[PDB]
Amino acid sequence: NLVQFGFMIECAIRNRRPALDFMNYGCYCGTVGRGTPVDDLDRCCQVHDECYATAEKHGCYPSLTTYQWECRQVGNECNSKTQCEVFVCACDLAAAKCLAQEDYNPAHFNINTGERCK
């Protein structure tokens, strides 16, 4: 579910930033969900939305599915059981690893989405 996604982000970035910093970034990270991503970090969110769109086609409800995962010494891992749980955990794990690796440009926090996201 989305709270676990938050936890994944904190795990991946070793609590460097609150998960909330990734909920107002660019055109896709917690903002409008359309336009050209402003950078590769924003594109992580666009990809995560596409992964959830697939999960919905599979008959899952990704924002609501509660999965099993682990925050390890060296990274995170999914260890989930149902088909939906496996898939949604995978979508969240890929997005959290993506967000943790891409460059976080502070000028891309809280952007003008009216102007930049058409």
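One-based numbering along the sequence shown.
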query	finding
76-84 versus 51-59 - greater average Cα B-factor per the deposited record	76-84
Per the entry, higher mean C-alpha B factor between 95-103 and 11-19	11-19
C89 - Cα temperature factor, lowest/middle/highest third of chain	lowest
Entry-reported Cα temperature factor of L41, expressed as the chain third it lands in	middle
